[PDB]
Amino acid sequence: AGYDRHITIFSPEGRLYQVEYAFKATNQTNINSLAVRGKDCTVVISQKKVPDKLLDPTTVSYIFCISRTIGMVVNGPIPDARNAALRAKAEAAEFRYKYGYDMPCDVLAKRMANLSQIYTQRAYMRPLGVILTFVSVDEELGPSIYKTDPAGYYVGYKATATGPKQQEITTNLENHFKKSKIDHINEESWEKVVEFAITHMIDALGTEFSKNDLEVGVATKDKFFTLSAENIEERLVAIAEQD
Amino acid sequence: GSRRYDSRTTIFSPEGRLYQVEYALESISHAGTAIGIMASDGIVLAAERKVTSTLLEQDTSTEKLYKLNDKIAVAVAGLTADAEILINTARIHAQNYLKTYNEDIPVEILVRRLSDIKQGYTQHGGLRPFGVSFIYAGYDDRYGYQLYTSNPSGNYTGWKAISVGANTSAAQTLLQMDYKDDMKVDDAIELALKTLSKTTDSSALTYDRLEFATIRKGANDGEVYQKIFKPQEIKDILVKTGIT
Amino acid sequence: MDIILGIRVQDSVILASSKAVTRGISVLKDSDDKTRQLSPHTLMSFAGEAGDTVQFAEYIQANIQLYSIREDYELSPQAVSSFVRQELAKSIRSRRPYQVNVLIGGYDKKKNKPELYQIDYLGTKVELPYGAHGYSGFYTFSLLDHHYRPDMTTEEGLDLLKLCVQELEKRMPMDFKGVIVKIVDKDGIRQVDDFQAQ
Amino acid sequence: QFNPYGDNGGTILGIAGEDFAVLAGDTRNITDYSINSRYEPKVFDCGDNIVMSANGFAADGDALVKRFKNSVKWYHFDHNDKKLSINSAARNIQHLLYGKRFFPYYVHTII
Amino acid sequence: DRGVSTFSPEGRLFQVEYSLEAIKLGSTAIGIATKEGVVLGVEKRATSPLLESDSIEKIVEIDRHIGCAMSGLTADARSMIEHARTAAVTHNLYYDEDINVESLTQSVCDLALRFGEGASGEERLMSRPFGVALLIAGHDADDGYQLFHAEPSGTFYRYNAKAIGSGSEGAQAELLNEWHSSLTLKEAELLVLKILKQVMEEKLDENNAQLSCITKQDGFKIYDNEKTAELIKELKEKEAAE
Amino acid sequence: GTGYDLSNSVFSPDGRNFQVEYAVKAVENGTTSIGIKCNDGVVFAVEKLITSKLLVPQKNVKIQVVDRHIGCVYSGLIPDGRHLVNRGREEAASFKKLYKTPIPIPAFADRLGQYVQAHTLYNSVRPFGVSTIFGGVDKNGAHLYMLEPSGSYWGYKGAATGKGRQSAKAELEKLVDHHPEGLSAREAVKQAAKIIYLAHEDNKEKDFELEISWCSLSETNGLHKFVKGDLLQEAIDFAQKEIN
Amino acid sequence: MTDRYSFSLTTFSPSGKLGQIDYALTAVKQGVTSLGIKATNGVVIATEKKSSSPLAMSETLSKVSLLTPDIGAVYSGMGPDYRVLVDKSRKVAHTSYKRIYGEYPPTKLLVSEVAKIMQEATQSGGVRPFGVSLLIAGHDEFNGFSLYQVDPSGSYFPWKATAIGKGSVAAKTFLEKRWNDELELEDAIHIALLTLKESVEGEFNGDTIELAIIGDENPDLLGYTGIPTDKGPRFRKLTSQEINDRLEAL
Amino acid sequence: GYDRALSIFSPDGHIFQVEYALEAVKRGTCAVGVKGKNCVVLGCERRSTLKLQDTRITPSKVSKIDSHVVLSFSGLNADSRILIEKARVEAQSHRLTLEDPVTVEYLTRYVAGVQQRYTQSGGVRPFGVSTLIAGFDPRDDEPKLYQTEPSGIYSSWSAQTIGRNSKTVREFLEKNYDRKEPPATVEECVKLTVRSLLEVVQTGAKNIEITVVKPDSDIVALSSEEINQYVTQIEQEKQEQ
Amino acid sequence: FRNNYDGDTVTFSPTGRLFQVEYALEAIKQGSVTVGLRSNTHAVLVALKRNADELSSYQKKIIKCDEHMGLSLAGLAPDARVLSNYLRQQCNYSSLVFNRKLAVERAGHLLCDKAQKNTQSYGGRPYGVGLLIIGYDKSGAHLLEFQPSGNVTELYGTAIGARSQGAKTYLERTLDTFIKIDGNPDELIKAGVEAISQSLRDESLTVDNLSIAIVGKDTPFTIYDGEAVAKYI
């Protein structure tokens with residue numbers, strides 16, 4: 001009876017508690033992230049928090065380079081995050097090997113969502129307490145953002161946000177698009193899209209950021225990369241000379 | 001480990017009963033009633049479609065009567081999906097037999113096989129039994145017309161008239177009352193409809209809620225014929241037997 | 001090879017099989033019965049590879065007996081021959097094939113007619129009035145083709161066989177040491193212990 | 001093509017006295033017309049007062065002796081240090097050899 | 001529930017402990033080792049007068065020099081006997097000699113703990129321990145006549161005399177006083193026959209009891225009823241003679 | 001409800017995995033051990049509680065080497081630690097076999113990480129009862145790491161775990177602040193000996209034995225070597241002196 | 001490691017109910033309404049695209065999927081389960097039929113296959129039933145147009161028209177009032193759009209509604225020409241615009 | 001892949017799954033066997049919970065394992081089929097390898113072994129069946145009667161019964177069967193068998209089937225009348241007193 | 001508490017304990033006593049053999065693994081047979097493949113690792129036996145203590161079993177003394193028999209009650225029982 005809350009089987013209400021609890025684990029890191037699409041690029045911003053002084057800050061990241069073109073940011077415990085990243089990389093490599101072309105961002109997303117859906121149905125596998133946000137500049141769809149959860153669900157976004165204060169960042173962005181009337185940041189350079197991202201990240205969270213409080217990922221035609229404390233600092237400086 | 005969530009579907013109760021089999025039967029007892037009556041010149045299979053709607057496409061439907069062979073058919077009572085798994089293996093067993101011996105499979109041999117498969121889910125593997133009860137109507141040149149029945153336990157028996165599903169008790173009593181060894185297919189067809197008609201949990205017994213089938217040796221031929229009545233054919237035989 | 005002859009007369013099937021068993025240079029035995037009773041009304045003669053020969057026969061027998069008991073019924077000669085053909089057809093594409101040729105003679109109590117089946121090691125089955133495996137047909141088929149009649153009596157059949165065996169003893173290079181004859185009819189299987197000089 | 005066998009020559013002799021026994025063998029090991037060693041022991045003391053020599057293809061002879069010695073060791077472990085009678089050693093060696101009935105140890109062994 | 005190979009807080013394997021409880025309910029079996037051979041006796045204990053008592057086989061031959069008696073869930077012993085017989089025959093095939101009694105026993109005991117649902121040690125495929133104990137008696141050159149007690153725990157002990165089954169504690173106490181290094185095969189037979197009589201619910205007779213022995217000379221033999229009926233008579237007399 | 005802490009892969013209502021958390025308790029209960037990254041290598045040190053005079057000194061080595069350039073030390077259930085090192089070894093051999101080059105520290109860390117994280121995915125296994133500090137020198141520098149039972153791991157400037165983990169972390173933070181330009185192989189070896197002695201106050205009851213090992217590009221050529229004899233006593237004294 | 005769950009997670013209770021299947025049906029009940037209407041010359045399946053956020057792009061998520069070029073499906077219940085079921089359905093359509101007979105399976109057979117996959121998740125070791133109910137519409141030369149419903153138990157039944165999910169009871173009622181055996185495809189599309197309106201609370205346009213049909217062959221959607229017998233797919237997803245056009249004549 | 005230990009020991013040294021397997025046997029229709037001096041007779045009662053059956057085709061209680069051996073049982077019908085099939089197969093295998101049909105004891109020991117194995121193998125429950133196996137060893141004339149139970153234990157009996165009310169019927173037999181003088185006739189042997197079933201069948205000319213096994217594969221089942229004739233002659237013996 | 005976290009090895013208690021393993025450790029304590037000690041030339045094993053009745057034998061407690069290695073057991077006998085057997089193979093493998101005698105330290109690591117696999121997997125149970133391994137290799141005499149938890153330790157001496165604490169204090173006291181008993185086997189054996197009788201209470205070591213074993217510089221691991229140990233009682 002009471003075991004319908006330990007493994008992934010239906011509860012009398014037709015619910016899957018373990019999947020629900022896995023969702024709870026995604027906020028364990030107290031990190032917030034958001035992604036927006038530029039005119040020809042995709043940017044993902046995520047908070048970086050290094051409490052312990054004994055830690056080497058350069059190794060504390062929740063953003064991963066899945067492939068030459070796909071970037072993935074994770075919201076959830078790091079061990080499950082790395083499990084998902086390794087799998088994604090393997091899946092991307094194998095796909096290119098078998099089909100002759102780079103795995104599209106939305107397809108990798110679906111693949112990972114499907115994998116997650118399985119932990120939802122088979123009782124011996126637990127779900128992963130993570131939410132995966134994949135980004136890239138697809139060669140057929142252009143700037144792309146696809147996010148998957150422990151439920152095995154996934155969808156494409158104009159822009160999105162994940163984390164404890166996900167709702168604030170989301171409504172902030174929603175409002176901005178109701179205004180601009182377009183589904184993206186009408187900017188030619190990614191540097192400006194990165195700035196917009198950091199700006200609204202601030203308006204919504206009501207907080208200031210130093211060069212080590214952020215982590216940034218950028219996807220462009222044929223390439224995805226992360227910025228350095230200094231590349232970010234340069235971004236921070238520019239937003240400062242406008243406010 | 002896993003053991004914590006294992007129901008142990010194949011154990012004995014302190015009374016020596018098989019829980020899952022008992023419960024499976026309980027489940028079947030709520031399934032639409034299916035009847036089988038064996039005449040001297042044929043066999044009748046009639047079943048009541050449990051629950052219906054006006055929008056239900058009753059022409060392309062077949063939830064209770066399935067052709068297993070060219071000389072064997074079954075009436076289903078229980079989980080349709082479970083029954084299809086078994087029906088399909090039964091269909092295959094029949095053909096393996098035909099390929100091996102170049103002769104149609106003797107009815108009991110096919111029934112015993114399906115029953116042994118059911119019996120298996122009862123003794124090992126830790127899986128739930130099939131929530132299905134079958135009424136087999138068939139003919140072979142060794143025992144002629146035969147009527148069998150198999151339930152979740154994997155046990156099977158032969159009958160002259162039998163019912164599975166809901167109200168089998170009331171139904172069995174009615175059959176035991178009007179059955180006569182020298183009956184004729186048409187007599188049986190009527191007994192079948194009358195019996196269902198009195199045990200139904202519904203208002204009336206309309207054609208849209210019925211499936212009918214007969215296995216006759218059409219005098220004008222010399223061979224056996226299986227007929228799964230079409231909606232119209234049912235609506236007809238339903239007016240004739242005075243049930244309009 | 002050995003001699004395996006079969007003939008289906010009016011109310012029975014007769015199977016004549018050579019008695020010699022030769023291993024290389026010497027004739028090891030001259031009273032070998034190259035036959036197995038598959039059921040009260042079905043007999044099977046066989047010839048071929050040294051060990052596979054009896055191994056197959058006995059394997060087929062065990063299976064028919066098991067069927068008989070499980071069903072308390074006797075399979076028709078036709079059903080038995082189809083089972084046997086399928087077994088040989090499996091064998092031909094296996095790792096090491098049974099190199100055995102067989103004749104199945106049975107009396108179908110339901111049809112009330114004798115039946116003769118010829119099946120070679122490839123699983124090639126055919127029903128015939130009379131048949132043989134190996135070189136046997138080469139010497140005898142011209143005789144059978146001539147004197148054979150569907151209404152022959154068991155006695156007429158044994159005479160036609162005797163004629164066949166005489167031709168074999170005349171033109172065939174090998175001394176097969178005579179044959180053992182058996183009859184299959186409505187009353188089971190019996191052996192003609194007197195063909196050495198019938 | 002690859003031939004898994006070779007011939008290292010050698011000759012061994014075993015004579016059973018009345019209360020003694022001898023097992024001799026030259027110490028020359030060869031390959032075709034060349035000498036590999038002028039002194040390569042070919043007769044071994046295997047414990048429990050049993051001497052053995054597996055002559056023919058050296059690699060096989062070595063593997064067999066090695067396997068038998070190890071067999072004696074386990075005999076002790078398994079049967080409370082009981083001594084292995086020469087007749088028991090012989091039967092054991094038969095099984096060691098027949099275990100490779102289809103990829104034989106190319107040796108003529110004497111104990 | 002709880003793993004079939006779980007330890008109790010006392011450091012014991014539940015399943016094995018419960019296994020022993022089952023053995024206590026079994027028929028009594030007694031073994032006595034003398035420098036003239038080993039005697040093995042058992043309580044037939046038929047459950048109904050209609051049961052043909054000689055079809056009760058609780059004393060079996062393992063090889064010509066090894067015999068064994070069982071007590072507890074007897075059916076569980078068939079495979080053990082089978083394993084034992086094979087082990088002896090195999091040993092002979094591999095070494096052209098008789099297997100040592102202790103080695104034969106060790107082989108049997110190796111099966112004992114091979115149970116569980118997937119224990120990380122090999123492939124112990126057996127749902128539960130054996131519900132029977134065995135008295136293994138035989139002879140070999142290195143250690144002469146021997147009697148062993150093989151339990152479902154995997155451990156086995158060598159005894160000069162031993163009783164297993166429902167009458168064990170009682171019978172064991174008896175054997176304690178009755179046994180001495182100079183017993184004769186004859187004495188031992190009566191002694192086993194006597195102690196069985198004390199612990200058996202039924203009046204011991206050549207039909208609900210059975211004797212046997214193993215001697216270097218004639219191997220393992222199972223005394224037929226006649227031969228035992230007399231050893232019984234001979235006992236009644238010696239007891240009544242004081 | 002409850003019982004969430006009885007099986008390994010279960011998420012509690014708050015999203016935690018209690019079994020992993022309980023494993024951590026087995027870690028905090030063990031000896032204290034540390035790692036100190038320096039300007040061209042790493043130093044590992046550990047506390048070896050002396051149960052009695054019977055323990056042969058210098059014999060029960062706890063620090064382990066993986067390949068030829070990696071050091072690993074851990075606190076908690078020692079057998080779990082060895083199990084983890086054996087895997088690290090196969091992982092390293094595998095990597096070298098295919099890529100020729102000895103496995104990078106970051107790469108090696110993730111191999112261990114994925115393996116440990118794997119033991120938190122099923123209820124048929126239990127999590128590891130150790131936290132492991134490990135590292136070495138590779139193609140581009142020195143790397144220090146600490147891996148938790150949850151499979152979590154990060155790169156450290158200095159790291160500690162076990163009974164006296166707080167003392168150690170305290171000492172490490174001071175070193176980090178008072179040496180922004182970097183410590184040296186030679187220095188870190190002494191500094192390590194000190195931190196172990198201080199951190200021993202949370203277990204001051206039983207007498208202990210010190211063990212240090214290092215891997216410095218200049219002092220060991222980039223290979224992992226144990227600190228013995230002179231250099232060892234020299235550091236022991238540097239500690240004994242500052243513990244007063 | 002290794003799945004040690006080799007026993008059923010779905011078993012019979014004393015009353016004879018199969019808990020997990022019941023519970024799965026409950027999950028289907030909470031699901032967004034979807035429906036199917038069969039006309040004399042076509043079938044229509046539709047549902048509401050309940051976007052989880054205005055930042056999400058509802059087009060990147062299809063609730064109505066093409067299984068074969070003459071068969072489509074829609075559902076109610078757990079989206080992720082539906083998604084994998086579709087992949088398996090498309091694949092089984094090939095491996096168990098197209099690769100054997102050289103043609104796509106008839107609607108009833110494919111449904112039969114899907115039903116089997118779902119039935120197994122009801123009895124196989126270590127799994128839970130799928131939390132979805134499908135509505136599959138298709139056409140084949142010998143059966144014409146057909147509409148089926150497949151439930152978690154693996155049971156499937158043919159319909160003239162029906163609805164599943166949230167407001168299925170209300171919707172099924174509204175359908176019994178407007179259905180007859182003479183509806184033309186466009187009439188059914190209309191009735192469908194009306195039925196769906198009762199279930200939708202907020203926006204009701206071509207971007208919030210997903211609708212597809214099984215009608216005539218679209219040689220324009222074939223991709224090639226040159227083979228007379230190949231006339232194109234009978235399945236077609238209506239475009240955002242096509243929907244709005246009909247919404248005006250609502 | 002399922003290997004849960006279903007048959008395990010409980011604190012008191014008992015194996016419940018096996019014990020409960022016996023409860024299933026106590027619930028099965030009664031079965032009795034008695035050996036005469038030149039034969040063995042097997043009797044089994046027929047339920048009456050439902051009557052409108054087709055006796056021609058409905059599986060009978062006595063089964064032939066080979067031409068000289070028969071087996072009857074009490075307990076789960078479906079379970080008995082699995083044992084009967086294995087038995088029949090083993091009987092044919094024995095003839096094929098030993099070149100001699102099985103002895104009754106051999107065939108019994110084989111079925112018992114199969115039963116024992118299902119009491120200590122993972123993922124399976126014991127057989128809810130108890131059997132009576134009777135017949136004549138090849139080229140022998142001394143009758144054989146054996147019994148097996150879920151535990152895997154077996155033994156021979158002069159006469160024995162199993163199933164529901166077997167308690168009653170065994171008592172009848174213990175004070176009506178003299179080993180000194182066994183039913184020297186096939187007739188008086190069958191009579192004793194019917195007599196014992198009447199103590200529990202409560203008038204059932206159609207509720208008592210009998211099979212007589214004589215040496216050399218001479219097995220034959222009686223008909224309602226033949227049996228009913230014994231019923232008739234037996235009821236008078238009572239009234240004529 | 002405990003009752004909810006001791007149903008199997010795969011479960012940690014809230015305090016971080018592994019009860020099934022602890023229950024295994026208990027089977028050891030309940031076992032007979034055995035002692036081990038070494039000089040720099042020899043290593044000795046002394047163990048008290050236990051019997052069932054006065055009609056039963058005294059179950060052996062010492063097993064030889066190779067010519068240079070052996071051990072004494074405490075707890076479940078069968079598990080010692082399994083572990084000693086695995087050790088016998090490892091030694092054998094080391095000789096056949098590398099023609100090298102297996103280092104006692106390495107034999108300890110092998111035992112530790114084998115035992116550990118039984119404390120992290122489902123369905124498996126921990127070994128319920130303690131082992132004292134002695135042996136002479138290329139680095140001298142050695143004594144190891146093996147615990148079912150997988151913990152192996154190298155010592156100059158130690159003991160396990162019931163009342164083992166007696167002998168352990170004695171040895172820890174006698175240390176400096178016996179450690180130097182080089183070139184003199186009989187002196188180390190007596191020193192060992194003295195440590196073991198420090199755990200007596202029930203009775204006094206008899207002839208068929210005492211069991212001694214030794215290995216060393218030029219002494220192949222050999223076992224003494226009965227009359228052979230008479231000169232030590």
# chains A, B, ... in the order shown; residues from 1 in each chain; ligands from 1

$ interface_residues --of "chain F" --to "chain I" --cutoff "9 Å" --atoms "only C-alpha atoms" --output "PyMOL selection string"
chain F and resi 5-8+18-27+29+52-57+59-60+77-80+82-83+123-129

$ interface_residues --of "chain C" --to "chain B" --cutoff "7 Å" --atoms "only C-alpha atoms" --output "list in words"
residues 79, 80, 82, 83 and 86 of chain C

$ residues_around --residues "residue 58 in chain A" --least-positions-apart "4" --cutoff "10 Å" --atoms "only C-alpha atoms" --output "list in words"
residues 50, 212, 228 and 229 of chain A; 154, 155 and 156 of chain F

$ select_by_dssp --residues "range 15-230 of chain A" --states "strand (DSSP E)" --output "MDAnalysis selection string"
chainID A and resid 33:37 41:47 63:65 71:75 131:138 142:148 154:157 159:162 214:220 223:226

$ residues_around --residues "residue 185 in chain I" --least-positions-apart "5" --cutoff "12 Å" --atoms "only C-alpha atoms" --output "MDAnalysis selection string"
chainID I and resid 37:45 178:180 190:192 212:219 232

$ write_last_selection --atoms "N, CA and C atoms" --output "PDB file, in the first residue's frame"
ATOM      1  N   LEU I  37      51.115 -14.817  16.633  1.00  0.00           N
ATOM      2  CA  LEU I  37      52.238 -13.959  16.997  1.00  0.00           C
ATOM      3  C   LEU I  37      53.439 -14.364  16.155  1.00  0.00           C
ATOM      4  N   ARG I  38      54.351 -13.427  15.948  1.00  0.00           N
ATOM      5  CA  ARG I  38      55.517 -13.709  15.133  1.00  0.00           C
ATOM      6  C   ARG I  38      56.783 -13.052  15.672  1.00  0.00           C
ATOM      7  N   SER I  39      57.933 -13.638  15.355  1.00  0.00           N
ATOM      8  CA  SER I  39      59.208 -13.044  15.740  1.00  0.00           C
ATOM      9  C   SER I  39      59.661 -12.397  14.420  1.00  0.00           C
ATOM     10  N   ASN I  40      60.935 -12.508  14.062  1.00  0.00           N
ATOM     11  CA  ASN I  40      61.395 -11.942  12.801  1.00  0.00           C
ATOM     12  C   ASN I  40      61.825 -13.087  11.911  1.00  0.00           C
ATOM     13  N   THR I  41      61.763 -14.290  12.467  1.00  0.00           N
ATOM     14  CA  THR I  41      62.152 -15.482  11.737  1.00  0.00           C
ATOM     15  C   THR I  41      60.999 -16.471  11.626  1.00  0.00           C
ATOM     16  N   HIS I  42      60.061 -16.414  12.569  1.00  0.00           N
ATOM     17  CA  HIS I  42      58.911 -17.318  12.555  1.00  0.00           C
ATOM     18  C   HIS I  42      57.587 -16.637  12.873  1.00  0.00           C
ATOM     19  N   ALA I  43      56.506 -17.353  12.592  1.00  0.00           N
ATOM     20  CA  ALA I  43      55.153 -16.883  12.845  1.00  0.00           C
ATOM     21  C   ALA I  43      54.432 -18.104  13.374  1.00  0.00           C
ATOM     22  N   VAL I  44      53.688 -17.928  14.459  1.00  0.00           N
ATOM     23  CA  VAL I  44      52.991 -19.055  15.053  1.00  0.00           C
ATOM     24  C   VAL I  44      51.509 -18.837  15.235  1.00  0.00           C
ATOM     25  N   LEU I  45      50.768 -19.920  15.044  1.00  0.00           N
ATOM     26  CA  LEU I  45      49.328 -19.917  15.218  1.00  0.00           C
ATOM     27  C   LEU I  45      49.003 -20.937  16.302  1.00  0.00           C
ATOM     28  N   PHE I 178      58.630 -11.681  23.052  1.00  0.00           N
ATOM     29  CA  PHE I 178      58.481 -12.650  21.959  1.00  0.00           C
ATOM     30  C   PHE I 178      58.954 -12.169  20.585  1.00  0.00           C
ATOM     31  N   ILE I 179      58.849 -10.868  20.337  1.00  0.00           N
ATOM     32  CA  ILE I 179      59.262 -10.303  19.059  1.00  0.00           C
ATOM     33  C   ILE I 179      60.704 -10.666  18.712  1.00  0.00           C
ATOM     34  N   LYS I 180      61.510 -10.927  19.734  1.00  0.00           N
ATOM     35  CA  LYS I 180      62.913 -11.254  19.523  1.00  0.00           C
ATOM     36  C   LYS I 180      63.208 -12.737  19.606  1.00  0.00           C
ATOM     37  N   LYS I 190      55.722 -21.713  22.745  1.00  0.00           N
ATOM     38  CA  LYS I 190      55.386 -21.661  24.166  1.00  0.00           C
ATOM     39  C   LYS I 190      54.810 -20.285  24.498  1.00  0.00           C
ATOM     40  N   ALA I 191      55.443 -19.234  23.979  1.00  0.00           N
ATOM     41  CA  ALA I 191      54.975 -17.871  24.219  1.00  0.00           C
ATOM     42  C   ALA I 191      53.542 -17.738  23.712  1.00  0.00           C
ATOM     43  N   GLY I 192      53.240 -18.456  22.633  1.00  0.00           N
ATOM     44  CA  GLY I 192      51.907 -18.418  22.064  1.00  0.00           C
ATOM     45  C   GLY I 192      50.912 -19.210  22.892  1.00  0.00           C
ATOM     46  N   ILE I 212      48.436 -26.232  17.033  1.00  0.00           N
ATOM     47  CA  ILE I 212      49.479 -25.248  16.761  1.00  0.00           C
ATOM     48  C   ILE I 212      50.002 -25.347  15.331  1.00  0.00           C
ATOM     49  N   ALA I 213      50.424 -24.210  14.789  1.00  0.00           N
ATOM     50  CA  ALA I 213      50.951 -24.169  13.438  1.00  0.00           C
ATOM     51  C   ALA I 213      52.080 -23.159  13.365  1.00  0.00           C
ATOM     52  N   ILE I 214      53.058 -23.435  12.510  1.00  0.00           N
ATOM     53  CA  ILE I 214      54.183 -22.528  12.367  1.00  0.00           C
ATOM     54  C   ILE I 214      54.772 -22.488  10.957  1.00  0.00           C
ATOM     55  N   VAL I 215      55.343 -21.337  10.633  1.00  0.00           N
ATOM     56  CA  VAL I 215      55.978 -21.096   9.350  1.00  0.00           C
ATOM     57  C   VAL I 215      57.156 -20.175   9.658  1.00  0.00           C
ATOM     58  N   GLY I 216      58.212 -20.246   8.858  1.00  0.00           N
ATOM     59  CA  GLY I 216      59.354 -19.391   9.113  1.00  0.00           C
ATOM     60  C   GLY I 216      60.536 -19.570   8.182  1.00  0.00           C
ATOM     61  N   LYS I 217      61.559 -18.751   8.415  1.00  0.00           N
ATOM     62  CA  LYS I 217      62.791 -18.723   7.634  1.00  0.00           C
ATOM     63  C   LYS I 217      63.103 -19.995   6.863  1.00  0.00           C
ATOM     64  N   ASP I 218      63.177 -21.124   7.552  1.00  0.00           N
ATOM     65  CA  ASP I 218      63.462 -22.379   6.861  1.00  0.00           C
ATOM     66  C   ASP I 218      62.470 -23.434   7.293  1.00  0.00           C
ATOM     67  N   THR I 219      61.306 -22.960   7.717  1.00  0.00           N
ATOM     68  CA  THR I 219      60.241 -23.831   8.187  1.00  0.00           C
ATOM     69  C   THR I 219      58.992 -23.737   7.309  1.00  0.00           C
ATOM     70  N   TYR I 232      54.002 -29.223  24.782  1.00  0.00           N
ATOM     71  CA  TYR I 232      53.709 -27.803  24.964  1.00  0.00           C
ATOM     72  C   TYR I 232      52.616 -27.574  25.997  1.00  0.00           C
TER      73      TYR I 232
END

$ closest_residue --among "A:144, A:8, A:47, A:59" --to "chain F" --atoms "only C-alpha atoms"
A:59

$ interface_residues --of "chain I" --to "chain E" --cutoff "9 Å" --atoms "only C-alpha atoms" --output "MDAnalysis selection string"
chainID I and resid 6:9 19:30 51:59 75:78 114 117:119 121:126 128

$ closest_atom_pairs --of "chain H" --to "chain B" --cutoff "7 Å" --atoms "only C-alpha atoms" --output "CSV"
residue,atom,partner,partner_atom,distance
H:2,CA,B:125,CA,5.4
H:17,CA,B:12,CA,6.2
H:20,CA,B:16,CA,5.0
H:21,CA,B:16,CA,5.8
H:23,CA,B:16,CA,4.8
H:24,CA,B:16,CA,4.3
H:52,CA,B:160,CA,6.4
H:53,CA,B:159,CA,4.4
H:54,CA,B:159,CA,4.6
H:57,CA,B:158,CA,5.9
H:58,CA,B:158,CA,4.7
H:77,CA,B:155,CA,6.2
H:78,CA,B:155,CA,5.0
H:123,CA,B:124,CA,5.6
H:124,CA,B:124,CA,4.4
H:125,CA,B:123,CA,5.5

$ residues_around --residues "residue 53 in chain B" --least-positions-apart "4" --cutoff "12 Å" --atoms "only C-alpha atoms" --output "number ranges by chain"
B: 49, 57-58, 208-209; G: 157-162, 169, 172-173, 175-176

$ closest_atom_pairs --of "chain H" --to "chain C" --cutoff "8 Å" --atoms "only C-alpha atoms" --output "CSV"
residue,atom,partner,partner_atom,distance
H:64,CA,C:69,CA,6.9
H:65,CA,C:69,CA,7.1
H:66,CA,C:69,CA,6.6
H:67,CA,C:69,CA,7.8
H:85,CA,C:70,CA,7.6
H:88,CA,C:66,CA,6.8
H:89,CA,C:66,CA,6.7
H:92,CA,C:62,CA,5.9
H:93,CA,C:62,CA,7.4
H:96,CA,C:62,CA,6.6

$ interface_residues --of "chain G" --to "chain I" --cutoff "12 Å" --atoms "only C-alpha atoms" --output "NGL selection string"
:G and (1-4)

$ write_last_selection --atoms "C-alpha atoms" --output "mmCIF file, in the first residue's frame"
data_model
loop_
_atom_site.group_PDB
_atom_site.id
_atom_site.type_symbol
_atom_site.label_atom_id
_atom_site.label_comp_id
_atom_site.auth_asym_id
_atom_site.auth_seq_id
_atom_site.Cartn_x
_atom_site.Cartn_y
_atom_site.Cartn_z
ATOM 1 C CA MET G 1 22.554 -3.310 -10.514
ATOM 2 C CA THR G 2 20.382 -5.414 -12.834
ATOM 3 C CA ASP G 3 16.609 -5.129 -12.744
ATOM 4 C CA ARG G 4 15.636 -7.409 -9.869
#
